[PDB]
Structure formats: structure tokens, C-alpha cells
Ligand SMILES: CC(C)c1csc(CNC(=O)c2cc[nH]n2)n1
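Next comes just one chain, in C-alpha cells: the form solved without the named molecule.
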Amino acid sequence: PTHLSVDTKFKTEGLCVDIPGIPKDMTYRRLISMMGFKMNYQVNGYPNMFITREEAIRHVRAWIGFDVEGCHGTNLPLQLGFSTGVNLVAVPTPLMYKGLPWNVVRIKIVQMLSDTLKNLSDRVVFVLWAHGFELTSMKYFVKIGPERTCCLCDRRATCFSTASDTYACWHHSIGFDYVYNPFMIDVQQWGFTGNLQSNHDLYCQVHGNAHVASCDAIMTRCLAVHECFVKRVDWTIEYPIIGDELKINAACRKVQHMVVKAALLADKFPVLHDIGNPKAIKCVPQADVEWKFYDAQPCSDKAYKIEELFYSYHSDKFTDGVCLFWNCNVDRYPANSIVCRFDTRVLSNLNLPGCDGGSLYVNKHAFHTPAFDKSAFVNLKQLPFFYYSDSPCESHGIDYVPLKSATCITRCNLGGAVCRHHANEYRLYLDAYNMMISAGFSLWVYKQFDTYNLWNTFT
């Protein structure tokens, strides 16, 4: 039960305005045949063009919304819309391209998908709200067959060239003219009432309808992300390493230890309220403080209301000591907080566009994150960069130019000359910090926080 049986029934009601007379009784097998493709009873790794919801969720990085609108069916021009914002007009002879034959339109489709997907995924999943013209247009830019490898590398083939008769992955496809063995899913098969816009607009106010194909493509993918990652959540699903996941995750643990250790040293809070992941461990295990944990899963829909987290009656006195919100997204942080908050607006290979201004951050697991909101931090200030160490100045065991920095908070810098060990550790910490910030994480702290208070923790 891993792949979608071609003998599964497909509901055709959504197709019958573009394809009048379409049979009510329809399988994937007969739909694929109707789309002009032949599957030849092939056991060669491509059992169906269409995939299950579970398979689609495992391949979220591959998702490309796709819509086709009648522009005036072989007689008339077609507007091809993609969740990339691209609109192409194909003639049978926000970006909006003038009408051109299929032989040149297919070249632009391969370039667009290859540049979008090469750093994300080994495939494409076309996310549909299928009404018929999108399915009958696939024969003009898709070829299918056995699973293949790239002509220049070991990656599976995603593109075909009629010029050279060869196959390529997204990395090696320059000049290629056909999409090869795409996948697709029709969201309309999931059991909705009413049209795309009415279902999309229940959950999201950020994607409008300009009545162009790319708008529908964007709304379709947005609705699918809502259904699979907002209303439903699965943190058991692991996703492949495609980038700096491991360095980012390590940097996060190092920065969290540094910042909390320094806040406790600087302001000597008697209690810390650690609000968020129910799996969280003490990030500063040697600290003197009373460490109290409060369980909150990562919110995927709306930021938590601080009133619901804290009130309904716990130390209960969250105004005592300091509150730690490490990726615990709330509408408004209390004044006595240490905060790490993911900025959903960040461009990266890990951060995919999401629902209602939220983003889908995929790093080992998929986390749909509510829209970044600057107003959440009104009681706090941005945490400045600093490095603190009480460790002995001792090298042990890479070449040196002497470090000069006001933000190297060590005995040796207090003494007027940074030692090689603390210089090496500072530069490693600065790289880790810049990695985590570049990844989209933002750091906020209570307004009284002052690194000047750390110098007297050496005497």
C-alpha cells in the first residue's frame, strides 16, 4: 500500500465543464490513457503519474501548483499558471508572457522547474485543482517511461531532450525540452464542497484572485499545504538533508546555551520558565536557577495567545524570574523574556512558501510556522551579538591573526589581550551565530539585558 493503485477510482465531476460527457466511473488507468499517455504494463519504478496524499507529503519540496485556463482545447490559446507566479500562453498555431507555440513553451517549462527545484527535490509534484485543460495539456510538455538516471550524474532523470535523445536531472537539464516522469495530485479528490477560491479563502487572506492561472496555481498549493501541514501535522516524517541543516541545528544549540547562560549570569534570575517543546532539556544544566518546564507543541496555525498559555490560573508567577520562548511563537511576549522566533519571510532552500503569510520550514521535519509579526516583540529589544566564556585561557592541540573585539567577553579581553583559544572559539561562535541568523532565526531579549554586567563574573 505504498503507491497509488492505477485501478483507484477518480471522481470526474470537477472535469465535466472542460470535458463534457466524461464518464462518472473512472480509474487513474483510464484517466492516464485519456490524457494521451501509455503505461505498457511496466514494472520500472513509475507505477502511476498520480500519487497518494502520504507520498505527496513526503515530497512537499517538489510541490508546484499548476493551473490551465482557456484564454479564448486545440482551437484556442491556453494560459499555463504555476505557483512560481509564472503565466505562459501556449498557442496551437504575476509574470505574464505573450502567446507562443508549444515547442518553445515546453523549453521555458523545463528551465523554470529546473531552476526552482534543483536545490529542493529529486522530482516535481504538480498540485492540481483539476478541471480538465491542465490534464489534457500535459501531453504537450511531459514524456513518461521507465525510471532513468541523469546522463551527467547519478540523480534520477527529471527531463528529456528530443535534440540529443538523452535524460537529465534538474541540475543538468539546460537546453532540455520535456519534463520526464513528473508526479501529480488532484486536491479536488480529497472531498471539498464548493470551488477553489471559497475553500482557499477559509484559511488564507494573503493570496488574492486576479483571475489569472498563476493565482489559482498558488491558491491550490496553499490549500494543499493547509490540509497537510496546518490542520494535519506529522512530525514522524523525516526529510532528506539538502543544505546546512546539521550546522544550523548545531548553531541553534550553541547560541541557546550561550544566550541563556549569559542572561542568568548577568541578571541572576531565581526562576526560569521554559515554555515550548515538551521534549526540551535544560540548555544550561550547571546554572543555579529553578528551571520549570511548560509543554507547548510548535503552533502550525495561529501564534499562541499569551493569555491562554499563562492564564486560566505552574509557578503561575511567570512575572517572577525570566521566561524562555525558544521557537515558541506567541502573539505578544512578556517583558521578562528570552526569545528565538523564526522569521517566515527568509529566502532559503529549507523555507517553502506557506498558508496565510506562514512558511513551511523543512529541516529533518516539516514545521508550518505562523507569519512573522514585529508587534509580538514590542516589550523586548533585539539581542545584540556577543561571545561569553569563563573557560581557562589555554590553547591545547588553523593559524592565528590576533583578535580585537569589544564583544569577546573573556578574562583575557578584560586583561587587554584575547588569548588564541578564546580567539578561535569566538570566531567559531560568530560563524555559528551568522549561520542561524541567515537561516531565518531572530533573537529578542528583555530591555534591561546588558553585556556590561558579564565583565564582573570574572574577579
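For every residue, the number given is its place in the sequence shown, counted from 1.
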query	finding
Between neighbours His314 and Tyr313, residues that the deposited sequence lists but the model omits	1 to 3
Residues with no coordinates between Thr93 and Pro94, taken from the deposited sequence as a class	10 or more
Of 34-42 and 421-429, the stretch whose C-alpha atoms average the higher B-factor in the entry	34-42
216-224 versus 190-198 - greater average Cα B-factor per the deposited record	190-198
Of the residues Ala280, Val110, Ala130, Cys169, the one carrying the largest Cα B-factor as recorded	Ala280
Residue selected from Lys292, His211, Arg341, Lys305 by maximal Cα B factor	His211
Third assignment of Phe458 from its chain's C-alpha B-factors	highest
Cα B factor band for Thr451 (lowest, middle or highest third within the chain)	lowest
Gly65 - Cα temperature factor, lowest/middle/highest third of chain	lowest
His207 CA temperature factor, ranked by third within the chain	highest
Relative C-alpha B-factor of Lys261, binned into the chain's lowest, middle or highest third	lowest
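The following text describes the form solved in complex with the named molecule, which does not appear among the structures shown.
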property	result
Site status for the named molecule placed as in the entry with it bound, C-alpha superposition, 2.4 Å backbone or C-beta test	blocked
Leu78 within 4.5 Å of the named molecule in the entry with it bound, heavy atoms	yes
Contact flag, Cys151 vs the named molecule in the entry with it bound, heavy atom cut 4.5 Å	no
Non-hydrogen atom contact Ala213 with the named molecule in the entry with it bound at 4.5 angstroms	yes
